[PDB]
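Student: Please find one structure pasted underneath; my questions will follow.
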Amino acid sequence: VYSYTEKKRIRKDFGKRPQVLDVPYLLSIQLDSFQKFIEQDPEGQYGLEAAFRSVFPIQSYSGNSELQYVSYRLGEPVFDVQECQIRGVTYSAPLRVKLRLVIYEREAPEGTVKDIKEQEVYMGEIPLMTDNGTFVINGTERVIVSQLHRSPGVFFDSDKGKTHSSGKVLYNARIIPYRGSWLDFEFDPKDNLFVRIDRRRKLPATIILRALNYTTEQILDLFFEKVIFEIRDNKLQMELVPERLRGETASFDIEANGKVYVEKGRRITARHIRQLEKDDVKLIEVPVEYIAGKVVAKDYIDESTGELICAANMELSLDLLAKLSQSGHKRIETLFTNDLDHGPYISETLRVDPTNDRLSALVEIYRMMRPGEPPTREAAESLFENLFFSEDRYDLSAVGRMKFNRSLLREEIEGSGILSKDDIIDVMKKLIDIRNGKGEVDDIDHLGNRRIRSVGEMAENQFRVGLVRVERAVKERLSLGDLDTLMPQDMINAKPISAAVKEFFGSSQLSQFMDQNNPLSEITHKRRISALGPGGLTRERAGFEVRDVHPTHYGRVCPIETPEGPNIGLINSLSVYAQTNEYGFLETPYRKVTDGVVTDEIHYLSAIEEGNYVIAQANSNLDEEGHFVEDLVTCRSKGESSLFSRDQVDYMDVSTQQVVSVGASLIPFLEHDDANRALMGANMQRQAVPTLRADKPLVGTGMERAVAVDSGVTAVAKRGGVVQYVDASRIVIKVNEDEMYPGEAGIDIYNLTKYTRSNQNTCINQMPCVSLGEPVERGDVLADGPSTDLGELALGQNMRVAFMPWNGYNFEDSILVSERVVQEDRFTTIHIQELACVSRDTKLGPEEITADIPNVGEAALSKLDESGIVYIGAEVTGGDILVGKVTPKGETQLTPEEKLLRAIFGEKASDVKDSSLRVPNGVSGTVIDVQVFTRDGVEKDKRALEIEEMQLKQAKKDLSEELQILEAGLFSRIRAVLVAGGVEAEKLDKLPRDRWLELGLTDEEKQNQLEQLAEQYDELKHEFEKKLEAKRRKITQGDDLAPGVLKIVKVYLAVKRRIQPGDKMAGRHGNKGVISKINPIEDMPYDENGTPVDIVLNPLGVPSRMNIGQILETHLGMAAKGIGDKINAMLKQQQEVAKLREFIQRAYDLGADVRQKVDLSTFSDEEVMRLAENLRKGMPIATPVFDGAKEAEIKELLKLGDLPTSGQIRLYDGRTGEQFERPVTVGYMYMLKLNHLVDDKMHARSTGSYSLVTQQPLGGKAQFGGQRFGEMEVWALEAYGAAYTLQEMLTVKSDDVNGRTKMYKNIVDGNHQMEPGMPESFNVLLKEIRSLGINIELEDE
Amino acid sequence: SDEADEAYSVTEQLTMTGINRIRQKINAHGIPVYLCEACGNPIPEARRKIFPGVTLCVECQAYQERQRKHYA
Amino acid sequence: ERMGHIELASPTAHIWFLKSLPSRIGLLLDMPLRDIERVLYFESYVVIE
Amino acid sequence: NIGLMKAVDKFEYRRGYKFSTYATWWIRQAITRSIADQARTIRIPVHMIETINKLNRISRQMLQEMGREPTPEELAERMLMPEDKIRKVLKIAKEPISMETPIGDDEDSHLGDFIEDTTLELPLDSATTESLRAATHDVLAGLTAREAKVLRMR
Amino acid sequence: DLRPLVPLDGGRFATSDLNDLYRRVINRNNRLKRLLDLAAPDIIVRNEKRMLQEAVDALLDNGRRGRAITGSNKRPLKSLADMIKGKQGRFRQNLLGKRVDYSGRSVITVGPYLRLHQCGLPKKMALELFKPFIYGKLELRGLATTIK
Amino acid sequence: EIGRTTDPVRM
Amino acid sequence: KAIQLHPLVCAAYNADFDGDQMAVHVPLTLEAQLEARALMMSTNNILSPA
Amino acid sequence: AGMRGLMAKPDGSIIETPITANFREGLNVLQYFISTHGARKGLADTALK
Ligand SMILES: [Mg+2]
Ligand SMILES: [Zn+2]
């Protein structure tokens, strides 16, 4: 089986581990999220419905006349994606909501309304995610990177011995809900348990217990055990059990049934305990000095006189001895403790507890929560019960409840939304257990503790914020109920809702510009997992362990791809096969393992569900039948890794790539590279710029085809068929009737998107990769895009690189490129960039765009047309006038003696000042699109009229050609549809083509299909005319611009940067580089045959930074190119199809037992010709990431062509023509450009603009600003002996208002010398220190 | 110089430090005692053979490590 | 360069000479800063001879 | 509170009427004149803020009665203003931006670091002016005394 | 001109927060005078004097008061002493190290054809950094009539 | 009776 | 369009050629030029000051 | 060429499971994950150092 865009060039594939689960749609993480958010599901689980069902029973406070929710719906997008990008608007959906007003009766507690109003109300506009997960917010293509934060739940995270001496690990727990306020228990070095509220002052944790309506005694019952004493006619026969005995001395004569077993002096052991556990030990007679420190459990008062005998939680003494003796209490309750196991914590907490009852507790926590404000019963009542136990301002989500109930070892993953007394009590218990008994300080980088949000959840949260802050006002307006003077349109305001959602989308920390310069960059931006933003941890104060990799990052987050820089490991990118749970934790696929068989069933696993299991590994052989080839297979039970026998593993890794991401899965031979090198390679190849002729990765990894398919940059067939008419601009697909939907014409029309700017100013572009007359099945790619090539993801060019130094032109990391690469133009890029000339209206008048401009010759204003704007196609150059913009002005107040000169020559002081948009300096491109917007009150100019007419003609052409093609489809339909059931072969073409709509055949389901096709024709033309009139409406109806502006004009330059010394090009393994020289054709080294190397890398790169991957890629790529030119040589001499089929079929075998099977006898003798033609440039070779082409197969392939096995040759210096000693390595390496072109970075400032508050220059190169002579450069000049360079560098050059004129004129008259004065900025600092009361002056004036 | 070379150097010094600590830990030679310095009991002499200079028996030493396992 | 001024209808303490810690107002009266804060925000009268 | 004082000094008891209904209009008008007075850092009169508030009311009414939003030459019928005073009023309503607004990507470059002074003159302009001074000086040197004096007086 | 209110395109304005803080203080002070003119109960004048104390304290530092009074946007106002203190104040930023004319930037390469004392330099970058010297040399050389 | 605050709305 | 830097001083700058960038400042005055040629010129500087 | 020793984890704990495969040979996935454990600690400490 092979698809026709795979059948063309079948990339040769090493790799042996069979694929078991295909790499799914790489963008599902956003699509299904936003599908949850914006598809109306009959339930409250997901989407807007959850928000409405949480916020829309609307009862009026004390009015009891209500407003309730019925249903909603998304409107129609006001513009399509294309118009929305161009005009520039958020491609939105009007969010109609059909609410139902229910006015209750006065005296309607029964539920008896008077009447009801029910009416849909437009409530804001949630934007729409385009087909590729990218929203379009203001024309710009935005992406909402999914956020990774801490799950709502309960965490035990004692800090590890920092705050106090002795390394005393102080234990603490937190209940971190979704909505509400935190609640954190913490221990002290005094061994006391305090509660806190969300970083407020401390409080002993039992205050919350006393404020939960708990007296001291029931708190003792919940928290401590009970031991009851008996004065069995003499002095305290106490009840006791051997586990209570465990770990003690012989405090007395340790007896049992009157017989001694541990005499007084000997320490308790486990043999004593177990003996006496058999010995029936429950009660003994012990000395009453044993209770010299034991806290009495409940309150004891003499009931005879009302006197207190001993209060709750107090250690006993002989005072309490005699007190119980006077009333003879036979039982005395205390709390057994043991600082080894049952530490006394709530004991001393109540000791230092200042409050007693619920009222005192409430007032205490009120003075804590809202200081200053005087306490009072009802206020603190409402506050405390609103904080944690109200629905409105508190909610543990489903996530919170699952994680909380599991961390407490409950078994219900469901339950309350708000907290409960059970919650706090059992969390305190578990905390104490962790302290003394068994627990753990779990972790907060464990992906089972970190949940993934997304566009769905976040947009729903912001929509909830909008809805609640509109429901407040609707509550107020529904305070004063009325009958027929208020609808469900005037009690709701769309402003706060849509305002908040536009808030979240337009300006946030997450919704960021898309990286559109590379399908890899695009699809890695969409599936990115950022741990910052509103609700996450900030970059600077983040500190640590979130940044490190954790053993549960296996398969849910790529270890080796993450943005180096001050935020590393905060911006993880999701793994290849990773998915999101229902809840939000990151699950990874695995294959079920039976006894000794590796099942082909796949189970997805959450994060905490790995440690319970022992999991196999992808690099595990097996004898085709589930049974492993070894009895020991490698596994990782919990964190660590070992060998385990065949009958111990339950799950195996689905494929060897699932540890890496879709960014680093494209790196050939990654298994041989340092981790930092895979990191750098991922970062670089994400950033490659799409070149002129997208070549192909000569050594890929077999993931690029799926990567180019998933990122929708290319146009894939949504249905098979035959490509009827191809074109540089569009593809037309005549569908097969196997797939044709019954009531319709067959045709499908793809509009290939020609040169249009990507967000990084690169040139998006699509080319038909299809000839005329070729079949194409579903999912096939018909038109490749930027950096896609027959579906392959091609980013750079494969070049004959040679690893030798060559004269110090690549000293540290430089790269010496030959000029053949500039002559073939195989790094020439394209760089479309807008330029906007806006014509606002100042109070002196408007700014016209006329060609009439002062002070420009005819050569200057030549390339413009009569209306001012530039022609399409003019090859503008640096400084040319693109849009003539002459502004009104007046009242020059001209200097003396220029009035003199003007009087001596008599020229006109034209009131208009030139401010025309010109091309920037250095840029020299060609204008390729000129749009003109207008303020609809403004009358259109000439050229704007011309562009409107052109767009209207083109739109009529487009929609009409649509109608023509689709009606031809209807013809090739029902016309030949006649031949089955009503056949009329040659009486068919006689009557015209409009005919056959009224032909006489058996009026059946076939004739019914004829009528349905013809009426589809009719309605199709009617919708054509409707859509065309609406199109002309949109094209002429006028535009909306920011206020004040009178008309905008835009130019689109197309620049074509070739390459030059400075342009940073690199490879896929971290091998960076900057071009240094660009040698002639000849000075390159050349081999036996005379083929010069193209690029010459530094050989000291390889060992020092361990990345052998580039060398293995070079060897295998040289082998692939040997196969390529062997095929080419066989095909120049028109050998036969026999020899080509033979040799190619030998090529696809290559020794080792591979997972690829190709049978070139099932290929047509003509079909092999297309393939071998595709291979004449060379042979592709895929290499899965960790299970690819081992080196011996590289050797056999290099031997397949007659290339040397060693991979090295003897090169000849082009200059001297004398052989280099010591054979060098040459081979075809895949080198990328990068988007750090020297043209964008080079910048020189002599004397330009200046800031306004401080009289210093401005920022970098956008304002023509100068470089920063910052502080440490001042230190460097001070450490040197320089003193005058420093003075002129901070006085004359930047800040002195007059120094930088007397130093400009002095140079201009050839006299280098300066008059320094005092820098303006110190005068500003003087003024502002003096602007406080702090007087400051200068002595010795 | 590159920004990954520095990461390599820091990881290499970190790994070397951990390994040198662990490797300097275990008893290194060579003196028998035949006798626990906290319980005096008879060591299985193969165990002491494992580390020339074993000063504590398995139970007491495991209990010691368990005890410092909390830092409290 | 020119600097207008503002004749406050009531005096009002300089925050720098009050919360620099050592509170210069505070110890220039040898008076604790908590009490100065009680006096400044009209929460506690203070005697002046 | 000042409105409440002014109400109490004018309040009548003999009306047999509740006080709060008398104090409410007073405090409302006082607070509203305040918020029109010194809310923005560029005072616009009570009449302009009343016109602006009416336009906001009319827009929040018209966005749903039309469906998406009203355009300025659509409020020519919803409100009866000249359809260009609407232009200027929409222009005036915005608030100025804090010059330390954190510019995008969270670099500390604020908008203050992007506001150039378009009042200074280019040093090329200064050198041109002074060299022009010199040129006229040595030109006028090439004349009589009374001619040069007449041209320095005229 | 040290707390400017420069105009932005299309009618917006760029103000510095010192303007807003001064306006706050002036408003509250004039209202306090208007209160003493009517001799309100001491509760209101006490509240107003508290408000003035807080306003001047915020104009001085905009800290020291729990919640620094944010601007229209929910960001705290850069007070006056927030133009002196710290990595963004005048001291560490605009006095010790300044943005400097006569200074370009560009990627570097190797160039082993160079003596130690000399550095390559692009023609365009030198033509830009060295514009005034070129004007002087031209004018003194008679090629250029006048400076324009 | 109260501890303290600044929050002039509080006072 | 790239400042070429003689390969020996790249060790002092710590400037590899991955794309690292330099700022060229100009000494205007005569005192400044004489300083740069008598204090900072790269040939008067071959001994690390540490 | 030789084996690339025992990798350390971010804390400094040295995984007794050592990487026995060098770079000229491949590395099965466990070796690579265990290596990235320490490698990203290196990077994340040099970006802040
Ligand atoms: Mg660098
Ligand atoms: Zn022992």
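So you can find residues: chains in the structure tokens are A, B, ... in the order shown, residues in each start at 1, and ligands are numbered from 1 in order.
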Do a neighbour search on residue 129 in chain D at 12 Å with only C-alpha atoms, toss out local chain neighbours closer than 6 positions, and write the hits as a PyMOL selection string.

Tutor: (chain A and resi 894-898+901+1301+1305) or (chain D and resi 121-123+135-136) or (chain E and resi 146-148)

Student: Any idea what's packed within 12 Å of residue 697 in chain A, counting only C-alpha atoms, ignoring anything in its chain fewer than 3 positions away? Could you give it as an MDAnalysis selection string?

Tutor: chainID A and resid 11:12 666:668 694 700:705 787:799 1067:1068 1113 1117 1120:1121 1177:1183 1228:1232

Student: For C-alpha atoms, I'd like the residues from the last selection saved as a PDB file, in the first residue's frame.

Tutor:
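Saved result, result-v3.pdb, follows:
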```
ATOM      1  CA  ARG A  11      11.432   7.647   1.588  1.00  0.00           C
ATOM      2  CA  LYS A  12      13.727   4.763   2.418  1.00  0.00           C
ATOM      3  CA  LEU A 666      12.558  15.399  13.405  1.00  0.00           C
ATOM      4  CA  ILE A 667      16.244  15.335  14.402  1.00  0.00           C
ATOM      5  CA  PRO A 668      18.015  12.420  12.699  1.00  0.00           C
ATOM      6  CA  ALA A 694      11.950  23.718  -0.462  1.00  0.00           C
ATOM      7  CA  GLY A 700      14.789  12.702   7.946  1.00  0.00           C
ATOM      8  CA  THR A 701      13.122  10.662  10.647  1.00  0.00           C
ATOM      9  CA  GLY A 702       9.820   9.787   9.012  1.00  0.00           C
ATOM     10  CA  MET A 703       7.888  12.258  11.119  1.00  0.00           C
ATOM     11  CA  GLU A 704       8.111  15.199   8.723  1.00  0.00           C
ATOM     12  CA  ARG A 705       5.333  13.863   6.503  1.00  0.00           C
ATOM     13  CA  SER A 787       8.959  24.596   3.611  1.00  0.00           C
ATOM     14  CA  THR A 788       6.807  21.641   2.598  1.00  0.00           C
ATOM     15  CA  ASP A 789       7.731  19.516  -0.400  1.00  0.00           C
ATOM     16  CA  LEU A 790       5.601  16.593  -1.566  1.00  0.00           C
ATOM     17  CA  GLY A 791       4.376  16.413   2.017  1.00  0.00           C
ATOM     18  CA  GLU A 792       7.893  16.207   3.429  1.00  0.00           C
ATOM     19  CA  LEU A 793       8.825  18.870   5.959  1.00  0.00           C
ATOM     20  CA  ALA A 794      11.841  20.481   4.293  1.00  0.00           C
ATOM     21  CA  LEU A 795      13.321  23.422   6.186  1.00  0.00           C
ATOM     22  CA  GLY A 796      16.834  23.755   4.784  1.00  0.00           C
ATOM     23  CA  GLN A 797      19.057  22.451   2.028  1.00  0.00           C
ATOM     24  CA  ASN A 798      21.206  19.366   1.923  1.00  0.00           C
ATOM     25  CA  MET A 799      24.730  20.420   1.100  1.00  0.00           C
ATOM     26  CA  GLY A1067      22.090  22.376  11.483  1.00  0.00           C
ATOM     27  CA  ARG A1068      19.726  20.044  13.332  1.00  0.00           C
ATOM     28  CA  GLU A1113      23.970  12.257   9.459  1.00  0.00           C
ATOM     29  CA  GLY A1117      23.609  11.494   3.787  1.00  0.00           C
ATOM     30  CA  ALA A1120      22.038   8.593   0.204  1.00  0.00           C
ATOM     31  CA  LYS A1121      23.618  10.953  -2.298  1.00  0.00           C
ATOM     32  CA  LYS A1177      18.731  14.353  -6.643  1.00  0.00           C
ATOM     33  CA  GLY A1178      19.379  11.645  -4.064  1.00  0.00           C
ATOM     34  CA  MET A1179      17.682   9.003  -1.967  1.00  0.00           C
ATOM     35  CA  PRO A1180      15.715   9.937   1.146  1.00  0.00           C
ATOM     36  CA  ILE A1181      16.485   7.934   4.260  1.00  0.00           C
ATOM     37  CA  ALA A1182      14.293   7.975   7.332  1.00  0.00           C
ATOM     38  CA  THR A1183      15.686   7.189  10.748  1.00  0.00           C
ATOM     39  CA  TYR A1228      25.635  15.712   2.612  1.00  0.00           C
ATOM     40  CA  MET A1229      24.434  17.434   5.766  1.00  0.00           C
ATOM     41  CA  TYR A1230      21.070  19.168   6.073  1.00  0.00           C
ATOM     42  CA  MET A1231      21.802  22.791   6.877  1.00  0.00           C
ATOM     43  CA  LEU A1232      19.133  25.365   7.675  1.00  0.00           C
TER      44      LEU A1232
END
```

Student: Using only C-alpha atoms and all ligand atoms, which residues have at least one atom no more than 9 Å from ligand 1? Output them as an NGL selection string.

Tutor: (:B and (1-3)) or (:G and (14-21))

Student: Pull out every residue of chain A sitting within 12 Å of chain F, counting only C-alpha atoms, and send them as a PDB file with N, CA, C and O atoms, in the first residue's frame.

Tutor:
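The result, written out as selection25.pdb:
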```pdb
ATOM      1  N   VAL A 363     -14.722  35.925  66.040  1.00  0.00           N
ATOM      2  CA  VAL A 363     -14.220  37.293  66.149  1.00  0.00           C
ATOM      3  C   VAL A 363     -12.704  37.321  66.003  1.00  0.00           C
ATOM      4  O   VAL A 363     -12.140  38.259  65.424  1.00  0.00           O
ATOM      5  N   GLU A 364     -12.021  36.303  66.529  1.00  0.00           N
ATOM      6  CA  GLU A 364     -10.572  36.233  66.386  1.00  0.00           C
ATOM      7  C   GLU A 364     -10.178  36.164  64.921  1.00  0.00           C
ATOM      8  O   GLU A 364      -9.339  36.941  64.450  1.00  0.00           O
ATOM      9  N   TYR A 366     -11.875  37.037  62.481  1.00  0.00           N
ATOM     10  CA  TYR A 366     -12.283  38.262  61.799  1.00  0.00           C
ATOM     11  C   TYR A 366     -11.237  39.351  61.969  1.00  0.00           C
ATOM     12  O   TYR A 366     -10.864  40.028  61.007  1.00  0.00           O
ATOM     13  N   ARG A 367     -10.760  39.540  63.201  1.00  0.00           N
ATOM     14  CA  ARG A 367      -9.655  40.465  63.436  1.00  0.00           C
ATOM     15  C   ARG A 367      -8.409  40.031  62.678  1.00  0.00           C
ATOM     16  O   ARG A 367      -7.556  40.860  62.342  1.00  0.00           O
ATOM     17  N   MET A 368      -8.278  38.731  62.410  1.00  0.00           N
ATOM     18  CA  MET A 368      -7.156  38.269  61.602  1.00  0.00           C
ATOM     19  C   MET A 368      -7.375  38.594  60.132  1.00  0.00           C
ATOM     20  O   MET A 368      -6.485  39.140  59.471  1.00  0.00           O
ATOM     21  N   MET A 369      -8.560  38.280  59.604  1.00  0.00           N
ATOM     22  CA  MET A 369      -8.796  38.344  58.165  1.00  0.00           C
ATOM     23  C   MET A 369      -8.870  39.781  57.674  1.00  0.00           C
ATOM     24  O   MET A 369      -8.163  40.167  56.739  1.00  0.00           O
ATOM     25  N   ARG A 370      -9.734  40.577  58.283  1.00  0.00           N
ATOM     26  CA  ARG A 370      -9.903  41.960  57.876  1.00  0.00           C
ATOM     27  C   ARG A 370      -9.522  42.853  59.044  1.00  0.00           C
ATOM     28  O   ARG A 370     -10.378  43.228  59.853  1.00  0.00           O
ATOM     29  N   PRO A 371      -8.252  43.200  59.166  1.00  0.00           N
ATOM     30  CA  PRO A 371      -7.796  43.986  60.317  1.00  0.00           C
ATOM     31  C   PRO A 371      -8.398  45.377  60.346  1.00  0.00           C
ATOM     32  O   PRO A 371      -9.038  45.804  59.381  1.00  0.00           O
ATOM     33  N   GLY A 372      -8.207  46.092  61.450  1.00  0.00           N
ATOM     34  CA  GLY A 372      -8.736  47.436  61.573  1.00  0.00           C
ATOM     35  C   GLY A 372     -10.228  47.481  61.822  1.00  0.00           C
ATOM     36  O   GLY A 372     -10.676  48.074  62.806  1.00  0.00           O
ATOM     37  N   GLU A 373     -11.004  46.874  60.931  1.00  0.00           N
ATOM     38  CA  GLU A 373     -12.451  46.846  61.092  1.00  0.00           C
ATOM     39  C   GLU A 373     -12.812  46.147  62.395  1.00  0.00           C
ATOM     40  O   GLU A 373     -12.353  45.025  62.637  1.00  0.00           O
ATOM     41  N   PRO A 374     -13.613  46.773  63.257  1.00  0.00           N
ATOM     42  CA  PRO A 374     -13.918  46.161  64.542  1.00  0.00           C
ATOM     43  C   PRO A 374     -14.736  44.892  64.361  1.00  0.00           C
ATOM     44  O   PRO A 374     -15.640  44.836  63.514  1.00  0.00           O
ATOM     45  N   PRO A 375     -14.445  43.855  65.134  1.00  0.00           N
ATOM     46  CA  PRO A 375     -15.230  42.620  65.043  1.00  0.00           C
ATOM     47  C   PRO A 375     -16.689  42.844  65.410  1.00  0.00           C
ATOM     48  O   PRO A 375     -17.077  43.855  65.998  1.00  0.00           O
ATOM     49  N   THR A 376     -17.503  41.867  65.028  1.00  0.00           N
ATOM     50  CA  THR A 376     -18.918  41.830  65.360  1.00  0.00           C
ATOM     51  C   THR A 376     -19.464  40.486  64.909  1.00  0.00           C
ATOM     52  O   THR A 376     -18.955  39.890  63.957  1.00  0.00           O
TER      53      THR A 376
END
```

Student: Just the residues within 6 Å of range 121-132 of chain E, please, counting only C-alpha atoms, with nothing from its chain fewer than 6 positions along; format it as JSON, numbers by chain.

Tutor: {"A": [1244, 1245, 1246, 1308], "E": [102], "G": [1, 3]}

Student: Let me see the file: selected residues, C-alpha atoms, as an mmCIF file, in the first residue's frame.

Tutor:
```cif
data_model
loop_
_atom_site.group_PDB
_atom_site.id
_atom_site.type_symbol
_atom_site.label_atom_id
_atom_site.label_comp_id
_atom_site.auth_asym_id
_atom_site.auth_seq_id
_atom_site.Cartn_x
_atom_site.Cartn_y
_atom_site.Cartn_z
ATOM 1 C CA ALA A 1244 24.580 52.347 12.941
ATOM 2 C CA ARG A 1245 23.564 55.629 14.531
ATOM 3 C CA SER A 1246 25.460 58.876 14.105
ATOM 4 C CA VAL A 1308 31.886 69.632 10.587
ATOM 5 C CA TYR E 102 27.902 57.482 17.272
ATOM 6 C CA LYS G 1 27.682 43.645 6.932
ATOM 7 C CA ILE G 3 32.272 43.451 12.051
#
```

Student: For ligand 2, list the contacting residues at 7 Å or closer, counting only C-alpha atoms and all ligand atoms, as a ChimeraX atom specification.

Tutor: /B:36,38-39,41,56-61

Student: Show me, as a tab-separated table, the residues of chain H having an atom within 9 Å of chain B, each with the closest atom pair and its distance in Å, using only C-alpha atoms.

Tutor:
```
residue	atom	partner	partner_atom	distance
H:6	CA	B:15	CA	7.6
H:7	CA	B:15	CA	6.3
H:8	CA	B:15	CA	5.0
H:9	CA	B:15	CA	8.1
H:10	CA	B:14	CA	8.8
H:12	CA	B:18	CA	5.8
H:13	CA	B:18	CA	6.6
H:14	CA	B:18	CA	6.3
H:38	CA	B:11	CA	6.0
H:39	CA	B:11	CA	6.3
H:40	CA	B:7	CA	7.8
H:41	CA	B:11	CA	7.0
H:42	CA	B:7	CA	3.9
H:43	CA	B:7	CA	4.6
H:44	CA	B:7	CA	7.8
H:45	CA	B:7	CA	7.3
H:46	CA	B:7	CA	5.9
H:47	CA	B:3	CA	8.3
```

Student: Just list the residues in range 8-43 of chain G DSSP gives strand (DSSP E or B) on the backbone, as a list in words.

Tutor: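 Reading the DSSP output for range 8-43 of chain G, strand (DSSP E or B) covers residues 21, 22, 23, 24 and 25 of chain G.
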
Student: Selection from above, C-alpha atoms, as an mmCIF file, in the first residue's frame, can you write it?

Tutor:
```
data_model
loop_
_atom_site.group_PDB
_atom_site.id
_atom_site.type_symbol
_atom_site.label_atom_id
_atom_site.label_comp_id
_atom_site.auth_asym_id
_atom_site.auth_seq_id
_atom_site.Cartn_x
_atom_site.Cartn_y
_atom_site.Cartn_z
ATOM 1 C CA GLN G 21 26.867 40.933 18.424
ATOM 2 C CA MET G 22 29.143 43.880 19.011
ATOM 3 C CA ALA G 23 28.650 47.598 19.356
ATOM 4 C CA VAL G 24 31.102 49.934 17.658
ATOM 5 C CA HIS G 25 31.467 53.296 19.332
#
```

Student: Starting from chain E, keep only residues with some atom at most 8 Å from an atom of chain G, counting only C-alpha atoms, and report them as an NGL selection string.

Tutor: :E and (102-125 or 129)

Student: Restricting the calculation to only C-alpha atoms: of A:830, A:209, A:699, A:86, which residue gets closest to residue 1109 in chain A?

Tutor: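 Looking at the shortest contact to residue 1109 in chain A, the residue is A:699.
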
Student: Could you give me, as a PyMOL selection string, the residues within 8 Å of residue 144 in chain A, counting only C-alpha atoms and dropping anything in the same chain fewer than 4 positions from it?

Tutor: chain A and resi 134+454-455+505+510-512+526

Student: What's the 10 Å shell around range 7-9 of chain E, counting only C-alpha atoms, without same-chain residues fewer than 6 positions away, as a PyMOL selection string?

Tutor: (chain A and resi 840-842+1044-1045) or (chain D and resi 96-97+115) or (chain E and resi 15)

Student: What are the closest atom pairs, with distances in Å to one decimal, for each residue of chain A lying within 12 Å of chain C, using only C-alpha atoms, rows by chain and rising residue number, as CSV?

Tutor:
```
residue,atom,partner,partner_atom,distance
A:372,CA,C:43,CA,11.4
A:1320,CA,C:1,CA,11.1
A:1323,CA,C:1,CA,8.8
A:1324,CA,C:1,CA,8.7
A:1325,CA,C:1,CA,11.6
A:1326,CA,C:1,CA,10.2
A:1327,CA,C:1,CA,7.4
A:1328,CA,C:3,CA,10.1
A:1330,CA,C:3,CA,9.4
A:1331,CA,C:3,CA,8.0
A:1332,CA,C:14,CA,8.8
A:1333,CA,C:14,CA,8.1
A:1334,CA,C:16,CA,9.7
```
